[PDB]
$ cat target29.json   # JSON, N, CA, C and O atoms
[["chain", "number", "residue", "atom", "x", "y", "z"],
["A", 340, "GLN", "N", 110.67, 163.64, 147.49],
["A", 340, "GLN", "CA", 110.66, 163.65, 148.95],
["A", 340, "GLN", "C", 109.25, 163.67, 149.49],
["A", 340, "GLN", "O", 109.01, 163.28, 150.63],
["A", 341, "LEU", "N", 108.30, 164.15, 148.69],
["A", 341, "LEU", "CA", 106.94, 164.28, 149.19],
["A", 341, "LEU", "C", 106.26, 162.93, 149.19],
["A", 341, "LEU", "O", 105.42, 162.64, 150.05],
["A", 342, "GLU", "N", 106.63, 162.07, 148.24],
["A", 342, "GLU", "CA", 106.01, 160.76, 148.15],
["A", 342, "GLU", "C", 106.54, 159.84, 149.24],
["A", 342, "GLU", "O", 105.81, 158.99, 149.76],
["A", 343, "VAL", "N", 107.80, 160.02, 149.63],
["A", 343, "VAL", "CA", 108.41, 159.09, 150.57],
["A", 343, "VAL", "C", 108.05, 159.46, 152.01],
["A", 343, "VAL", "O", 108.06, 158.61, 152.90],
["A", 344, "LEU", "N", 107.67, 160.72, 152.24],
["A", 344, "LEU", "CA", 107.11, 161.09, 153.55],
["A", 344, "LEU", "C", 105.65, 160.68, 153.65],
["A", 344, "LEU", "O", 105.18, 160.30, 154.73],
["A", 345, "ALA", "N", 104.92, 160.75, 152.54],
["A", 345, "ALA", "CA", 103.55, 160.26, 152.53],
["A", 345, "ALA", "C", 103.52, 158.75, 152.61],
["A", 345, "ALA", "O", 102.54, 158.16, 153.10],
["A", 346, "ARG", "N", 104.57, 158.09, 152.12],
["A", 346, "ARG", "CA", 104.68, 156.65, 152.30],
["A", 346, "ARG", "C", 104.97, 156.31, 153.75],
["A", 346, "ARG", "O", 104.49, 155.29, 154.27],
["A", 347, "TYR", "N", 105.75, 157.15, 154.43],
["A", 347, "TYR", "CA", 106.10, 156.89, 155.82],
["A", 347, "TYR", "C", 104.92, 157.09, 156.74],
["A", 347, "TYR", "O", 104.63, 156.24, 157.59],
["A", 348, "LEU", "N", 104.21, 158.20, 156.59],
["A", 348, "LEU", "CA", 103.09, 158.53, 157.46],
["A", 348, "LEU", "C", 101.78, 157.85, 157.06],
["A", 348, "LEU", "O", 100.76, 158.15, 157.68],
["A", 349, "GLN", "N", 101.81, 156.96, 156.07],
["A", 349, "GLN", "CA", 100.65, 156.24, 155.54],
["A", 349, "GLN", "C", 99.56, 157.19, 155.05],
["A", 349, "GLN", "O", 98.37, 156.93, 155.19],
["A", 350, "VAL", "N", 99.98, 158.32, 154.48],
["A", 350, "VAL", "CA", 99.08, 159.35, 154.00],
["A", 350, "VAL", "C", 98.84, 159.10, 152.52],
["A", 350, "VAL", "O", 99.78, 159.11, 151.72],
["A", 351, "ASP", "N", 97.58, 158.86, 152.16],
["A", 351, "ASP", "CA", 97.18, 158.74, 150.76],
["A", 351, "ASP", "C", 97.10, 160.14, 150.18],
["A", 351, "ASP", "O", 96.33, 160.98, 150.66],
["A", 352, "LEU", "N", 97.89, 160.42, 149.15],
["A", 352, "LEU", "CA", 97.89, 161.74, 148.55],
["A", 352, "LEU", "C", 96.76, 161.93, 147.55],
["A", 352, "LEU", "O", 96.57, 163.03, 147.04],
["A", 353, "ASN", "N", 96.03, 160.87, 147.24],
["A", 353, "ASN", "CA", 94.95, 160.93, 146.26],
["A", 353, "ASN", "C", 93.63, 160.40, 146.79],
["A", 353, "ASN", "O", 92.73, 160.18, 145.99],
["A", 354, "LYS", "N", 93.51, 160.18, 148.10],
["A", 354, "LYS", "CA", 92.26, 159.70, 148.68],
["A", 354, "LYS", "C", 91.13, 160.70, 148.45],
["A", 354, "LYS", "O", 89.99, 160.30, 148.19],
["A", 355, "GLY", "N", 91.44, 161.99, 148.52],
["A", 355, "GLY", "CA", 90.46, 162.99, 148.15],
["A", 355, "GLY", "C", 90.16, 162.99, 146.66],
["A", 355, "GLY", "O", 89.02, 163.20, 146.26],
["A", 357, "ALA", "N", 91.17, 162.73, 145.84],
["A", 357, "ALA", "CA", 90.97, 162.77, 144.39],
["A", 357, "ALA", "C", 90.28, 161.51, 143.89],
["A", 357, "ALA", "O", 89.51, 161.58, 142.92],
["A", 358, "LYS", "N", 90.53, 160.36, 144.52],
["A", 358, "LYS", "CA", 89.83, 159.14, 144.13],
["A", 358, "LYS", "C", 88.37, 159.20, 144.55],
["A", 358, "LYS", "O", 87.50, 158.69, 143.84],
["A", 359, "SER", "N", 88.08, 159.82, 145.69],
["A", 359, "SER", "CA", 86.69, 159.96, 146.10],
["A", 359, "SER", "C", 86.01, 161.09, 145.35],
["A", 359, "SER", "O", 84.77, 161.14, 145.29],
["A", 360, "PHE", "N", 86.78, 162.02, 144.79],
["A", 360, "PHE", "CA", 86.19, 163.06, 143.96],
["A", 360, "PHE", "C", 85.67, 162.49, 142.65],
["A", 360, "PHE", "O", 84.57, 162.83, 142.22],
["A", 361, "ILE", "N", 86.45, 161.61, 142.01],
["A", 361, "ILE", "CA", 86.04, 161.09, 140.71],
["A", 361, "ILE", "C", 85.04, 159.96, 140.88],
["A", 361, "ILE", "O", 84.37, 159.55, 139.92],
["A", 362, "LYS", "N", 84.92, 159.42, 142.09],
["A", 362, "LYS", "CA", 83.95, 158.36, 142.32],
["A", 362, "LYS", "C", 82.59, 158.92, 142.71],
["A", 362, "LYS", "O", 81.57, 158.25, 142.50],
["A", 363, "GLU", "N", 82.54, 160.13, 143.27],
["A", 363, "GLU", "CA", 81.23, 160.73, 143.44],
["A", 363, "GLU", "C", 80.81, 161.51, 142.20],
["A", 363, "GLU", "O", 79.62, 161.78, 142.03],
["A", 364, "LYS", "N", 81.76, 161.85, 141.33],
["A", 364, "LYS", "CA", 81.42, 162.61, 140.14],
["A", 364, "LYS", "C", 80.76, 161.72, 139.10],
["A", 364, "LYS", "O", 79.97, 162.20, 138.28],
["A", 365, "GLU", "N", 81.05, 160.42, 139.13],
["A", 365, "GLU", "CA", 80.29, 159.50, 138.29],
["A", 365, "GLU", "C", 79.05, 159.00, 139.02],
["A", 365, "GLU", "O", 78.13, 158.46, 138.41],
["A", 366, "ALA", "N", 79.00, 159.19, 140.34],
["A", 366, "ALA", "CA", 77.79, 158.87, 141.08],
["A", 366, "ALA", "C", 76.75, 159.98, 140.93],
["A", 366, "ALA", "O", 75.55, 159.71, 140.91],
["A", 367, "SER", "N", 77.20, 161.23, 140.85],
["A", 367, "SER", "CA", 76.27, 162.33, 140.57],
["A", 367, "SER", "C", 75.99, 162.44, 139.09],
["A", 367, "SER", "O", 75.11, 163.21, 138.68],
["A", 368, "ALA", "N", 76.74, 161.73, 138.26],
["A", 368, "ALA", "CA", 76.38, 161.62, 136.85],
["A", 368, "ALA", "C", 75.30, 160.56, 136.65],
["A", 368, "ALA", "O", 74.55, 160.60, 135.67],
["A", 369, "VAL", "N", 75.22, 159.59, 137.57],
["A", 369, "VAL", "CA", 74.17, 158.58, 137.50],
["A", 369, "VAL", "C", 72.82, 159.19, 137.84],
["A", 369, "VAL", "O", 71.83, 158.98, 137.13],
["A", 370, "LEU", "N", 72.75, 159.97, 138.92],
["A", 370, "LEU", "CA", 71.47, 160.56, 139.30],
["A", 370, "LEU", "C", 71.06, 161.66, 138.33],
["A", 370, "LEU", "O", 69.87, 161.92, 138.16],
["A", 371, "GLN", "N", 72.03, 162.31, 137.68],
["A", 371, "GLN", "CA", 71.70, 163.23, 136.60],
["A", 371, "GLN", "C", 71.13, 162.48, 135.41],
["A", 371, "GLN", "O", 70.21, 162.96, 134.75],
["A", 372, "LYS", "N", 71.64, 161.28, 135.13],
["A", 372, "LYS", "CA", 71.11, 160.48, 134.04],
["A", 372, "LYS", "C", 69.71, 159.95, 134.37],
["A", 372, "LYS", "O", 68.93, 159.64, 133.47],
["A", 373, "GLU", "N", 69.38, 159.88, 135.65],
["A", 373, "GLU", "CA", 68.02, 159.54, 136.03],
["A", 373, "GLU", "C", 67.14, 160.78, 136.11],
["A", 373, "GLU", "O", 65.93, 160.70, 135.92],
["A", 374, "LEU", "N", 67.74, 161.93, 136.40],
["A", 374, "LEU", "CA", 66.94, 163.14, 136.61],
["A", 374, "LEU", "C", 66.48, 163.73, 135.28],
["A", 374, "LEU", "O", 65.44, 164.37, 135.22],
["A", 375, "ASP", "N", 67.26, 163.54, 134.22],
["A", 375, "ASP", "CA", 66.84, 164.09, 132.94],
["A", 375, "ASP", "C", 65.94, 163.11, 132.19],
["A", 375, "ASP", "O", 65.35, 163.46, 131.17],
["A", 376, "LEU", "N", 65.83, 161.88, 132.69],
["A", 376, "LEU", "CA", 64.82, 160.97, 132.16],
["A", 376, "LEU", "C", 63.44, 161.42, 132.59],
["A", 376, "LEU", "O", 62.45, 161.13, 131.92],
["A", 377, "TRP", "N", 63.35, 162.14, 133.71],
["A", 377, "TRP", "CA", 62.07, 162.70, 134.09],
["A", 377, "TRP", "C", 61.70, 163.89, 133.22],
["A", 377, "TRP", "O", 60.55, 164.00, 132.76],
["A", 378, "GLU", "N", 62.65, 164.78, 132.95],
["A", 378, "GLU", "CA", 62.33, 166.00, 132.22],
["A", 378, "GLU", "C", 62.22, 165.76, 130.72],
["A", 378, "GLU", "O", 61.51, 166.49, 130.02],
["A", 379, "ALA", "N", 62.92, 164.75, 130.20],
["A", 379, "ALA", "CA", 62.72, 164.38, 128.81],
["A", 379, "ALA", "C", 61.37, 163.73, 128.62],
["A", 379, "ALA", "O", 60.74, 163.85, 127.56],
["A", 380, "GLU", "N", 60.89, 163.02, 129.64],
["A", 380, "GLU", "CA", 59.61, 162.35, 129.52],
["A", 380, "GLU", "C", 58.47, 163.32, 129.74],
["A", 380, "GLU", "O", 57.53, 163.38, 128.94],
["A", 381, "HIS", "N", 58.55, 164.13, 130.80],
["A", 381, "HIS", "CA", 57.44, 164.97, 131.23],
["A", 381, "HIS", "C", 57.49, 166.39, 130.71],
["A", 381, "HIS", "O", 56.45, 166.94, 130.36],
["A", 382, "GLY", "N", 58.66, 167.01, 130.66],
["A", 382, "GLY", "CA", 58.74, 168.35, 130.11],
["A", 382, "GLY", "C", 59.03, 169.41, 131.14],
["A", 382, "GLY", "O", 58.95, 169.16, 132.35],
["A", 383, "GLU", "N", 59.33, 170.62, 130.68],
["A", 383, "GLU", "CA", 59.87, 171.63, 131.57],
["A", 383, "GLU", "C", 58.77, 172.34, 132.34],
["A", 383, "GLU", "O", 58.99, 172.78, 133.47],
["A", 384, "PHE", "N", 57.57, 172.47, 131.76],
["A", 384, "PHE", "CA", 56.51, 173.19, 132.46],
["A", 384, "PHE", "C", 55.94, 172.34, 133.58],
["A", 384, "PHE", "O", 55.71, 172.83, 134.69],
["A", 385, "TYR", "N", 55.70, 171.06, 133.30],
["A", 385, "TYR", "CA", 55.22, 170.11, 134.30],
["A", 385, "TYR", "C", 56.23, 169.95, 135.43],
["A", 385, "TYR", "O", 55.86, 169.91, 136.60],
["A", 386, "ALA", "N", 57.53, 169.88, 135.09],
["A", 386, "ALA", "CA", 58.55, 169.68, 136.12],
["A", 386, "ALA", "C", 58.72, 170.92, 136.98],
["A", 386, "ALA", "O", 58.94, 170.83, 138.19],
["A", 387, "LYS", "N", 58.62, 172.10, 136.38],
["A", 387, "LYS", "CA", 58.60, 173.32, 137.18],
["A", 387, "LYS", "C", 57.27, 173.46, 137.89],
["A", 387, "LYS", "O", 57.20, 174.05, 138.98],
["B", 291, "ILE", "N", 130.36, 117.53, 204.80],
["B", 291, "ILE", "CA", 131.76, 117.92, 204.91],
["B", 291, "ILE", "C", 132.27, 118.42, 203.56],
["B", 291, "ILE", "O", 133.19, 119.23, 203.49],
["B", 292, "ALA", "N", 131.65, 117.93, 202.49],
["B", 292, "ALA", "CA", 132.02, 118.33, 201.14],
["B", 292, "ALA", "C", 131.64, 119.79, 200.92],
["B", 292, "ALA", "O", 132.35, 120.52, 200.24],
["B", 293, "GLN", "N", 130.51, 120.19, 201.49],
["B", 293, "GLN", "CA", 130.04, 121.57, 201.37],
["B", 293, "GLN", "C", 131.11, 122.51, 201.92],
["B", 293, "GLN", "O", 131.46, 123.51, 201.28],
["B", 294, "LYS", "N", 131.61, 122.19, 203.10],
["B", 294, "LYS", "CA", 132.65, 123.00, 203.73],
["B", 294, "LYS", "C", 133.91, 122.94, 202.88],
["B", 294, "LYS", "O", 134.59, 123.95, 202.69],
["B", 295, "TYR", "N", 134.23, 121.75, 202.38],
["B", 295, "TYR", "CA", 135.40, 121.56, 201.54],
["B", 295, "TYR", "C", 135.25, 122.40, 200.28],
["B", 295, "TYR", "O", 136.19, 123.07, 199.85],
["B", 296, "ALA", "N", 134.06, 122.36, 199.69],
["B", 296, "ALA", "CA", 133.78, 123.14, 198.49],
["B", 296, "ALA", "C", 133.86, 124.62, 198.83],
["B", 296, "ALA", "O", 134.40, 125.42, 198.07],
["B", 297, "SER", "N", 133.30, 124.98, 199.98],
["B", 297, "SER", "CA", 133.32, 126.37, 200.44],
["B", 297, "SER", "C", 134.76, 126.77, 200.73],
["B", 297, "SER", "O", 135.22, 127.82, 200.29],
["B", 298, "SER", "N", 135.46, 125.92, 201.48],
["B", 298, "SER", "CA", 136.86, 126.18, 201.81],
["B", 298, "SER", "C", 137.63, 126.53, 200.55],
["B", 298, "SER", "O", 138.33, 127.54, 200.49],
["B", 299, "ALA", "N", 137.50, 125.68, 199.53],
["B", 299, "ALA", "CA", 138.17, 125.91, 198.27],
["B", 299, "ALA", "C", 137.45, 126.95, 197.41],
["B", 299, "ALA", "O", 138.09, 127.57, 196.55],
["B", 300, "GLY", "N", 136.17, 127.18, 197.63],
["B", 300, "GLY", "CA", 135.42, 128.14, 196.86],
["B", 300, "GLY", "C", 134.80, 127.62, 195.59],
["B", 300, "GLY", "O", 134.23, 128.41, 194.83],
["B", 301, "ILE", "N", 134.88, 126.32, 195.33],
["B", 301, "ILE", "CA", 134.28, 125.69, 194.16],
["B", 301, "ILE", "C", 133.19, 124.75, 194.64],
["B", 301, "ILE", "O", 133.47, 123.63, 195.08],
["B", 302, "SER", "N", 131.94, 125.22, 194.57],
["B", 302, "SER", "CA", 130.82, 124.49, 195.14],
["B", 302, "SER", "C", 130.05, 123.75, 194.05],
["B", 302, "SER", "O", 130.24, 123.97, 192.85],
["B", 303, "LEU", "N", 129.17, 122.85, 194.48],
["B", 303, "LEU", "CA", 128.35, 122.06, 193.57],
["B", 303, "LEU", "C", 126.94, 122.63, 193.46],
["B", 303, "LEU", "O", 126.60, 123.62, 194.13],
["B", 324, "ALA", "N", 110.93, 144.11, 171.69],
["B", 324, "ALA", "CA", 109.51, 143.97, 171.42],
["B", 324, "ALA", "C", 109.16, 144.62, 170.09],
["B", 324, "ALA", "O", 109.39, 144.05, 169.05],
["B", 325, "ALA", "N", 108.59, 145.81, 170.14],
["B", 325, "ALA", "CA", 108.25, 146.51, 168.93],
["B", 325, "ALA", "C", 109.20, 147.62, 168.85],
["B", 325, "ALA", "O", 109.34, 148.25, 167.83],
["B", 326, "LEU", "N", 109.88, 147.86, 169.92],
["B", 326, "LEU", "CA", 110.83, 148.96, 169.81],
["B", 326, "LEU", "C", 111.66, 148.82, 168.53],
["B", 326, "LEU", "O", 111.91, 149.80, 167.83],
["B", 327, "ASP", "N", 112.07, 147.59, 168.22],
["B", 327, "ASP", "CA", 112.85, 147.35, 167.01],
["B", 327, "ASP", "C", 111.99, 147.42, 165.76],
["B", 327, "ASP", "O", 112.52, 147.65, 164.66],
["B", 328, "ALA", "N", 110.68, 147.21, 165.89],
["B", 328, "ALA", "CA", 109.79, 147.44, 164.76],
["B", 328, "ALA", "C", 109.63, 148.92, 164.47],
["B", 328, "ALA", "O", 109.49, 149.32, 163.31],
["B", 329, "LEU", "N", 109.65, 149.75, 165.52],
["B", 329, "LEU", "CA", 109.71, 151.19, 165.33],
["B", 329, "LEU", "C", 111.08, 151.61, 164.82],
["B", 329, "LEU", "O", 111.21, 152.61, 164.10],
["B", 330, "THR", "N", 112.12, 150.86, 165.19],
["B", 330, "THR", "CA", 113.47, 151.21, 164.78],
["B", 330, "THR", "C", 113.69, 150.93, 163.30],
["B", 330, "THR", "O", 114.31, 151.73, 162.59],
["B", 331, "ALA", "N", 113.14, 149.82, 162.81],
["B", 331, "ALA", "CA", 113.37, 149.44, 161.42],
["B", 331, "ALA", "C", 112.59, 150.33, 160.47],
["B", 331, "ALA", "O", 112.98, 150.49, 159.30],
["B", 332, "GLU", "N", 111.51, 150.94, 160.94],
["B", 332, "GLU", "CA", 110.75, 151.84, 160.09],
["B", 332, "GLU", "C", 111.41, 153.22, 160.05],
["B", 332, "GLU", "O", 111.20, 153.99, 159.10],
["B", 333, "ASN", "N", 112.22, 153.54, 161.06],
["B", 333, "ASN", "CA", 113.02, 154.76, 161.00],
["B", 333, "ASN", "C", 114.14, 154.64, 159.98],
["B", 333, "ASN", "O", 114.41, 155.58, 159.23],
["B", 334, "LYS", "N", 114.80, 153.48, 159.93],
["B", 334, "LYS", "CA", 115.85, 153.29, 158.93],
["B", 334, "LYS", "C", 115.24, 153.08, 157.55],
["B", 334, "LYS", "O", 115.88, 153.36, 156.53],
["B", 335, "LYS", "N", 113.98, 152.63, 157.50],
["B", 335, "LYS", "CA", 113.28, 152.51, 156.23],
["B", 335, "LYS", "C", 113.07, 153.88, 155.60],
["B", 335, "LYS", "O", 113.12, 154.02, 154.37],
["B", 336, "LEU", "N", 112.84, 154.91, 156.42],
["B", 336, "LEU", "CA", 112.72, 156.26, 155.90],
["B", 336, "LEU", "C", 114.06, 156.77, 155.40],
["B", 336, "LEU", "O", 114.15, 157.35, 154.31],
["B", 337, "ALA", "N", 115.12, 156.55, 156.17],
["B", 337, "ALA", "CA", 116.42, 157.11, 155.82],
["B", 337, "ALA", "C", 117.04, 156.37, 154.64],
["B", 337, "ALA", "O", 117.80, 156.96, 153.86],
["B", 338, "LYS", "N", 116.73, 155.08, 154.48],
["B", 338, "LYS", "CA", 117.22, 154.36, 153.31],
["B", 338, "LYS", "C", 116.50, 154.83, 152.05],
["B", 338, "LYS", "O", 117.12, 154.94, 150.99],
["B", 339, "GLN", "N", 115.20, 155.12, 152.16],
["B", 339, "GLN", "CA", 114.48, 155.69, 151.02],
["B", 339, "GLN", "C", 114.92, 157.12, 150.74],
["B", 339, "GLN", "O", 114.87, 157.58, 149.60]]
$ encode --input "target29.json" --output "structure tokens"
Amino acid sequence: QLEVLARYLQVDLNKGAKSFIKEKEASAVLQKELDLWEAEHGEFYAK
Amino acid sequence: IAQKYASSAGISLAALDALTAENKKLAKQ
């Protein structure tokens, strides 16, 4: 019954969850760029 | 004179349903 009311009201039940997993791989990209700095330069220089 | 004769005798010469179908679409589901 929950899916057919969300179908009626045009409510996406996973719009928050699809945007959650799409920013979680987007913040994994900048993390993959951020540790390229610390692997290259080191922890004392970065601090 | 025909007019009088004819007279004498009396023989003269939207979306509401689009809203409705989506209501039955809910109840059919």
$ interface_residues --input "target29.json" --of "chain B" --to "chain A" --cutoff "8 Å" --atoms "all atoms listed in the file" --output "PyMOL selection string"
chain B and resi 332+335-336+339
$ atom_distance --input "target29.json" --atom1 "CA of residue 386 (chain A)" --atom2 "CA of residue 362 (chain A)"
28.5 Å
$ axis_aligned_box --input "target29.json" --around "region 303-327 of chain B" --padding-each-side "4 Å" --output "AutoDock Vina command-line options"
--center_x 118.7 --center_y 135.9 --center_z 179.6 --size_x 28.9 --size_y 35.7 --size_z 37.8
$ atom_distance --input "target29.json" --atom1 "atom O of residue 342 (chain A)" --atom2 "atom C of residue 327 (chain B)"
20.7 Å
$ atom_distance --input "target29.json" --atom1 "atom C of residue 354 (chain A)" --atom2 "atom C of residue 341 (chain A)"
15.3 Å
$ select_by_dssp --input "target29.json" --residues "region 344-382 of chain A" --states "alpha helix (DSSP H)" --output "PyMOL selection string"
chain A and resi 344-347+354-355+357-364+366-381
$ decode --input "target29.json" --residues "region 343-363 of chain A" --atoms "N, CA, C and O atoms" --output "compact mmCIF listing (two decimals), in the first residue's frame"
# COMPACT_ATOMS: atom_id res chain seq x y z
N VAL A 343 1.94 2.13 -3.68
CA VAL A 343 0.90 2.55 -4.60
C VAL A 343 0.39 3.94 -4.25
O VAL A 343 -0.14 4.66 -5.10
N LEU A 344 0.57 4.37 -3.00
CA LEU A 344 0.30 5.76 -2.65
C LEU A 344 1.43 6.67 -3.08
O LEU A 344 1.21 7.82 -3.48
N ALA A 345 2.67 6.17 -3.01
CA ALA A 345 3.80 6.93 -3.52
C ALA A 345 3.77 7.00 -5.04
O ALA A 345 4.29 7.94 -5.64
N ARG A 346 3.17 5.99 -5.68
CA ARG A 346 2.97 6.05 -7.12
C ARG A 346 1.90 7.08 -7.47
O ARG A 346 2.00 7.76 -8.49
N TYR A 347 0.88 7.21 -6.62
CA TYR A 347 -0.20 8.14 -6.88
C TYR A 347 0.26 9.58 -6.71
O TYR A 347 0.01 10.43 -7.57
N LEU A 348 0.94 9.87 -5.61
CA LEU A 348 1.37 11.23 -5.30
C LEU A 348 2.66 11.63 -6.00
O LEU A 348 3.16 12.72 -5.71
N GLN A 349 3.20 10.78 -6.88
CA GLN A 349 4.45 11.00 -7.62
C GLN A 349 5.63 11.22 -6.67
O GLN A 349 6.53 12.01 -6.95
N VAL A 350 5.61 10.53 -5.54
CA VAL A 350 6.64 10.66 -4.52
C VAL A 350 7.67 9.58 -4.76
O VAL A 350 7.35 8.39 -4.73
N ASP A 351 8.91 9.99 -5.01
CA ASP A 351 10.03 9.07 -5.12
C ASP A 351 10.45 8.66 -3.72
O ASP A 351 10.81 9.50 -2.90
N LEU A 352 10.38 7.36 -3.43
CA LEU A 352 10.73 6.89 -2.10
C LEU A 352 12.23 6.71 -1.92
O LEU A 352 12.68 6.41 -0.81
N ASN A 353 13.00 6.85 -2.99
CA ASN A 353 14.44 6.66 -2.93
C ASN A 353 15.22 7.83 -3.49
O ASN A 353 16.42 7.69 -3.72
N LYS A 354 14.58 8.98 -3.72
CA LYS A 354 15.28 10.16 -4.22
C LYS A 354 16.35 10.62 -3.24
O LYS A 354 17.43 11.06 -3.65
N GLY A 355 16.06 10.53 -1.95
CA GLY A 355 17.09 10.79 -0.96
C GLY A 355 18.17 9.74 -0.95
O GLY A 355 19.34 10.06 -0.76
N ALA A 357 17.81 8.48 -1.19
CA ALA A 357 18.79 7.40 -1.14
C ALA A 357 19.64 7.36 -2.40
O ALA A 357 20.82 7.01 -2.34
N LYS A 358 19.06 7.72 -3.55
CA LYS A 358 19.85 7.78 -4.78
C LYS A 358 20.82 8.95 -4.75
O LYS A 358 21.93 8.85 -5.27
N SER A 359 20.42 10.06 -4.15
CA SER A 359 21.33 11.19 -4.03
C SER A 359 22.32 10.99 -2.90
O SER A 359 23.37 11.64 -2.87
N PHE A 360 22.01 10.10 -1.96
CA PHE A 360 22.97 9.76 -0.92
C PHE A 360 24.14 8.97 -1.49
O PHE A 360 25.30 9.24 -1.16
N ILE A 361 23.86 7.99 -2.35
CA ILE A 361 24.93 7.14 -2.86
C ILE A 361 25.65 7.83 -4.02
O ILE A 361 26.74 7.42 -4.42
N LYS A 362 25.05 8.89 -4.56
CA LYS A 362 25.72 9.61 -5.64
C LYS A 362 26.62 10.71 -5.11
O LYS A 362 27.57 11.11 -5.79
N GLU A 363 26.35 11.22 -3.90
CA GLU A 363 27.34 12.11 -3.32
C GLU A 363 28.39 11.34 -2.54
O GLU A 363 29.47 11.88 -2.28
